[PDB]
Amino acid sequence: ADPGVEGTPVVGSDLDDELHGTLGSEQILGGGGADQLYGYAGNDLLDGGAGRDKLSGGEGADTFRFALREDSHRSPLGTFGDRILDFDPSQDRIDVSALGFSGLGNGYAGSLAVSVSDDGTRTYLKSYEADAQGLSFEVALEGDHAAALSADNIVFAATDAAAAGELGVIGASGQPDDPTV
Ligand SMILES: [Ca+2]
Ligand SMILES: [Ca+2]
Ligand SMILES: [Ca+2]
Ligand SMILES: [Ca+2]
Ligand SMILES: [Ca+2]
Ligand SMILES: [Ca+2]
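Residue numbers for the sequence shown follow the numbering used here, beginning at 1 and rising by one.
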């Protein structure tokens, strides 16, 4: 075995990249260009920067923090929402407080309302808060686990875990039939 990492933010910040990271914890920043970022194993921190970025968190509890208000957002000019390949909605988290919103919008089961492209292709998650300038937050996911997304893994509560976990999904009811045929 021989290390010699070609990834990490050390190279290609302002232009399109292919960064393959280590099997340990890292801070990954894409910078400019449509980057292909791969965090792999370890608890990683990931920012995309300018452009529509394609990114994997990999194994470990990852933090998709993003750079500024100008990252993973939509504006009247067009969308710049990033494209996450393998987000784990149980283990990983996505920050949005400094860049998008602090109060979650419309949604149910402790979530934000999800969207799909069609029968296939990517799924999306949207925030329904926007700036008066039309700067809103949306992000695309191609793992198609929209059915498991929750606002619990969307971190706007300053990473404080004193609250949350409030669910009322539990329950049972029925209308039984009694045929004799
Ligand atoms: Ca780059
Ligand atoms: Ca980028
Ligand atoms: Ca890593
Ligand atoms: Ca980006
Ligand atoms: Ca990882
Ligand atoms: Ca992960």
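We put the beta carbon where it would ideally sit given N, CA and C, even for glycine.
If you draw a straight line from the Cα of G100 to the Cα of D177, it comes to about 50 Å. Going by DSSP, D95 is part of the beta strand (DSSP E) stretching over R93 to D95. Inter-residue distance for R65 and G174 is about 44 Å (C-alpha atoms, whole angstroms). Counting only runs of 3 or more residues that sit fully inside the segment 100-142, the beta strand (DSSP E) segments are 114-116, 123-130 and 136-141, in chain order. Of the heavy atoms belonging to ligand 2, none sits nearer than 7 Å to the Cβ of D44. Closest by C-alpha distance to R74, out of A113, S127 and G105, is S127.
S111 and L149 do touch by the CB rule: their CB atoms are close to 6 Å apart, below 8 Å. Comparing alpha-carbon positions, the option among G21, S56 and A163 lying closest to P3 turns out to be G21. For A146, the closest alpha carbon among the candidates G49, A130, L125 and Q133 is that of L125. Of the residues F156, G7 and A34, the one whose Cα lies closest to the Cα of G103 is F156.
Its Cα nearest to that of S72, the residue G32 stands out among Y38, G105, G32 and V116.
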